[PDB]
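What follows is one chain in structure tokens, specifically the form described as "active state" in its entry title.
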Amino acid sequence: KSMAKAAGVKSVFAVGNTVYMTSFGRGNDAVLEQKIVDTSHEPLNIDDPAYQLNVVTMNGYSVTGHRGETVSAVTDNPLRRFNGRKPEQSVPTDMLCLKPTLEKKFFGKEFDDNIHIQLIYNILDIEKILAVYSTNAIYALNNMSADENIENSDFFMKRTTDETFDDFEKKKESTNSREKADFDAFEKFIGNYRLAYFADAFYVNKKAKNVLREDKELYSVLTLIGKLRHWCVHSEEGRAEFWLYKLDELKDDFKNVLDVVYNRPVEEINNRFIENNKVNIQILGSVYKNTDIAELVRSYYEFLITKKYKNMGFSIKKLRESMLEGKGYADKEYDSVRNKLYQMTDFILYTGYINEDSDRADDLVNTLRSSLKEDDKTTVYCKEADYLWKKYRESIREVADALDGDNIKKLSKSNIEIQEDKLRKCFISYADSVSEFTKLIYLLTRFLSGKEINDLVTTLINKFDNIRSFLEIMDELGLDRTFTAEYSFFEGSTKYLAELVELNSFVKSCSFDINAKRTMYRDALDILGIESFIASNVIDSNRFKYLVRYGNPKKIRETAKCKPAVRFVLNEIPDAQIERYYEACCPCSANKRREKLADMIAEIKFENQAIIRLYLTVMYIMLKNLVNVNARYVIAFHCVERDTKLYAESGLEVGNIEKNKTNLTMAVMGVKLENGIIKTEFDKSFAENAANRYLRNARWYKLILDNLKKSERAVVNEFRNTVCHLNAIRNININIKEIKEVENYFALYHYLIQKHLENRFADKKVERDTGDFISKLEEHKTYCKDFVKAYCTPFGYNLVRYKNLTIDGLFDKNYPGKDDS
């Protein structure tokens, strides 16, 4: 987008009165080129200048890079920020005017630079991205007890990693009713039949059958996630602030359960790596009659699992496809062992390429990089494939004829006695040499879907890589960086980055218990509305697996009867897919086809039936999107809970936060609540004394003040409780009963929230504005665009977040829209 980024300007920093500029290095690193003080620059990195300064002035800098095509761009001097037309230049502050307090929190003192603030913001992003997935996981585990649904202070809410299971059992005989209820809730949870849906966490094999873990292990696994959620979404006090970063100091039981949970996939991958692929290696060694067997298994492990030496610069799969084309191996007879044949051929190609065919690989990579046209690309691929086939014709023939039918049985029954000394060097690390943070993260992802698992892992690696790059460039300048005593967890950022990269290689979705199949047939029976085939068809479906985890089957069955909701969601379906779906089971235009398909979906009944796939697909996508929309407000509430304490440390009289969470935006504005109402009216003088730069502008200050008078503490409290507990989705079958016409997922989610709020506040007196909002909601049969900004006011101090979270069209990145007024 920006021409400055294209020109190669990575970042612009300002320390003291001197300004440094960085450019992109190898990977995600950084390096200094230009330093400018008092419009006078001295070059650095003489060996390879990414860009050069055409002209220098106090206003800005002129650069022309060589990253790609010669592109000229102009960058702005950060020292002149906030000091325009308004001794008149200084290091820029934070938009929230909360920089010195954060710098004092994570470091000894203020550093008067603009790098540490970026590092702190990147650190905060870790908690910000952990909150959403932690609350999603805790919702997934809380989905149990669906039949006897109740809403109160839940068992998972009050879980802390202070008392072990030894002390927890003491509540069994205690006369205290409050603790008796908690212990009974835990006992009821431990006997739930649906626990098998997370067999990768609560189940362990025992000589062999999968069996339920011991009680203390289960309690530890539950309470770890519970405490993680409570710490990340709430605000701690005392020594519990630094729980995640002083994770090294738990009790023994949690360490043991983390070790046993994380070790099982490693044992299944590494310990029996020989046995799983024995039929392949035993013939590969025959093919390589003059190589070391230990080196061969080492190379096979490197290729198949870690892919450490892969990515040489061409698709080996395409090379194999072009090499085998036109030969007899495409025939149907070899289809039984076809996958093993491709694996052997690919490994042979790789091994030949890494050892001897190095110059050829380099030439192929250079030729691929030098050209752009696809015709030349495929011609070069075929040219290399012909030579490769000519060289390797005999070996693949040897592999193919040695992998026929009963010969595999003879291969399997025989034993093998390889030496494991050379192989263990490249083994992935066991649980004995793995940090607690990665173990806890892995335990967290046992309750997430594939998309969520990938997003979490990738964002974590990206953030840690950014932290490492900032640490390195901080080292380059020569300033102090050493963290405080209680925040030393980030000192070894490189170790955690490499560890997470290793973890990402083998992380997979949680496997499902074999014995749970009986429960599947009854649950899938109810999700199709067949009350007192399907098991063979839809149980294995991934949509069913990701729908049963995050939703009550009965509520999902009931919520599909709402015709407009189903009608809207299938609009995003590509034309070809729905066109195929329609004529598949129905026996003139796209819109009527969609409407008829939605009507057929709504009235699904039983007593050619390929319609089931579309129903599960649409249920899965709409539920996932509704969950994702709610995830944003969890982030906002977590940010509020952090910012109230940060501002209190800053010196502002924020006051109590839990009783009324509008206190944050009230303290920033300089207005104080009096006798239940905001007495003061708007005045321009109040804008100049805003606690942060966001509320300095008069118009948005007045808008926030006007909207604040229509907010109520009880409504905001209930909205907060609904957001954290996800009660809007948990009671979808009632809150979506009488919708008329939805226009986007934002509107659907907010209508759900409105209906929930109206349902609960039906028997309590309320002030006039809320009554007017309720009257508007019921008559229009759609979400009100004023209540949405009325109860979203606690995030008012962050004006940008306010606008994004209350204006339809500014909320979704993929669906831009117009702005009001």
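Only the largest set of C-alpha atoms that superpose within 1.5 Å between the two forms is called the rigid core. Only residues modelled in both forms are compared. Numbers for residues come from their place in the sequence shown, where the first is 1.
The same protein has a further form, the form described as "inactive state" in its entry title, not shown here; the description that follows concerns it.
- With the core fitted between this form and the one not shown, just one of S435, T164, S322, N744 shows a Cα displacement of at least 2 Å, namely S322.
- With the core superposed, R178 shows a C-alpha displacement below 2 Å between this form and the one not shown.
- Comparing the forms between this form and the one not shown on their rigid core, the Cα displacement of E384 reaches 2 Å or more.
- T484: CA moves less than 2 Å between this form and the one not shown after rigid-core fitting.
- Between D259 and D421, the C-alpha separation grows by 3 Å or more in that other deposited form, relative to the conformation displayed.
- Once the two forms are aligned on their core, the segments of at least three consecutive shared residues with Cα displacements of 2 Å or more between this form and the one not shown fall at 271-371, 375-421, 509-516, 608-610.
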